[PDB]
Structures are given as structure tokens and as C-alpha cells.
């Protein structure tokens, strides 16, 4: 089904990205990379079977589309476009649908068809501050789709800016570390993570190494990974080592029930850290 395929695909996509960006295939085995790529190609192809005529996705072709899932497909495909051949008409069709059907005038993205596999959406599963969680998530996916799709979808910069302005308007009153972290990264992507929003972002971390909610280990890995990406964009390299250390000590249970966002984000964030430093 169209959700599980993305669950299945995620760890290998982001493992190949990480090994590539950190240049760590000698220890891993460079002869292993091509078989990993073949698995990513199979995942891509299988996912196309769940693309609806609208270019959006759901678990089944008969199920009404998920905003979240469509944006996750955009997130994964955008990154995977550097590993395997991906049809921009498929990727950018999903982008177009997100903006033209699911974004409200205030910039918020709405989910009309929640995913079945609620464990694959990370901290968004806690519905507190959900309009921020989802709008930040979709904004980041759209930002990641810009390289390929900004030319094909000229509604894309305006949609990003509107989502970003919503997040700015919402940021100082957020109570969740998860939301301060993911929206923090969304704001940093548009160079809006400045005072007074920056104090809010930094003050929310504990022991200057994590953005933590109680009893939510995998949400916290995911949140802290978004925070790390923001600190890197800020070029705040003084603040990075404790965050990297904490992340490397965490169990994230890749391939395990509920680990999809934690897996994607920890490896994305740790790869960027080596790239940058």
C-alpha cells in the first residue's frame, strides 16, 4: 500500500544519502551502493502505482488523498532525485496539488485524509499545535522541491512565503519543543530565524543539546534533528557539538514501528553537519 511503501523505502534512501555526503563508503563497502540504489528504484516505481490522477497520494488508489503523505512523497522524491532518475512531472504535480488544493489563505496546510499509519508521521501525531506541525512539514518539503519544481510551479515561492509568515505569526506562542524545532528550521530556511524568534528557539532546548518532550524518544530525535539543521543554517557552529553528540547517543530504532521521521531526519541532519563542518 502507498503508505507502507514509503515506510519501507525511507531508511535506504537516507542511508545512501548519508554515506554519500560523509564519504563513508570505504568502511561500509562501496560495492554495496548499487544494490541499495536498485532497492530505491523499486520503491519509486512501486510508489507511482499509488499516484492518483490528481498527482496526490493515499494508501490505496480508492482512498481520498493525504496532504501529509503527498508532502512526504515530495520530501523523499526531492532528495532521491539526486540518487535515482525521478520524473519531475510526477514530483511537481504533487507540489502543484498541495498548493492549489490544500493551502488556506492564511498559509496553513490542511489534512483532509489522515494517514492510516499514524506512526510514520513523527511528532505530528501529537495533534497539539498541529496546524504548525503540518504547515512547517509541508513548507520544508516544498522548499526541498524548489530545485526541481520552482520553474514548473510558479505558485511555489508565494506559497512558501505565506506558510512562512503563518509560522512567524504563530512562533512566539508555541508551547511544544517539537513545533519550535520544526518551525524553527522552516523559518531558518527562509532566513526568518532571527530575534525575537531565535531566543524562543534556543531557550526551548534542554542542556543545549536537545528539544525534548516527555515520553517521546523518537519525536525528540526528529525534533532535535530539525533543530540541528537550523543551527547549521544559522552558521552557529558553537551550538552544534552538544546537539551532534546527543543525537549520536540516541537509539532511533530504524526500520522499527514509528521510526520513519526519526530515521529520515537524523541522517539528513548528521550528513549536513559533516558537509558544513
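Positions refer to the first chain, counted from 1.
Give the stretch, out of 223 to 231 and 204 to 212, with the larger mean C-alpha temperature factor in the deposited entry. The entry gives the higher C-alpha B-factor average to 204 to 212.
Tell me which of 5 to 13 and 18 to 26 has the higher mean C-alpha B-factor in the deposited entry. So the stretch with the higher mean C-alpha B-factor is 18 to 26.
Between 85, 115, 95, 198, which one tops the list for C-alpha B-factor in the PDB entry? Most elevated C-alpha B-factor of the set, per the entry: 198.
Report the option among 189, 91, 71, 121 whose CA atom has the maximum B-factor in the deposited record. Max CA B-factor in the entry, restricted to 189, 91, 71, 121: 189.
Looking at the C-alpha B-factor of residue 109, is it in the lowest, middle or highest third of its chain? It falls in the bottom third of the chain.
Going by what the PDB entry lists, where does residue 125 fall on CA B-factor within its chain: lowest, middle or highest third? According to the entry, residue 125 has a C-alpha B-factor in the chain's middle third.
Would the CA B-factor of residue 162 place it in the lowest, middle or highest third of its chain? Highest third.
Taking the chain's C-alpha temperature factors as the reference, tell me which third residue 239 falls into: lowest, middle or highest. Top third by C-alpha B-factor.
Among the modelled residues of its chain, does the C-alpha B-factor of residue 143 lie in the lowest, middle or highest third? For residue 143, whose C-alpha B-factor we compare with every modelled residue in the chain, the answer is the middle third.
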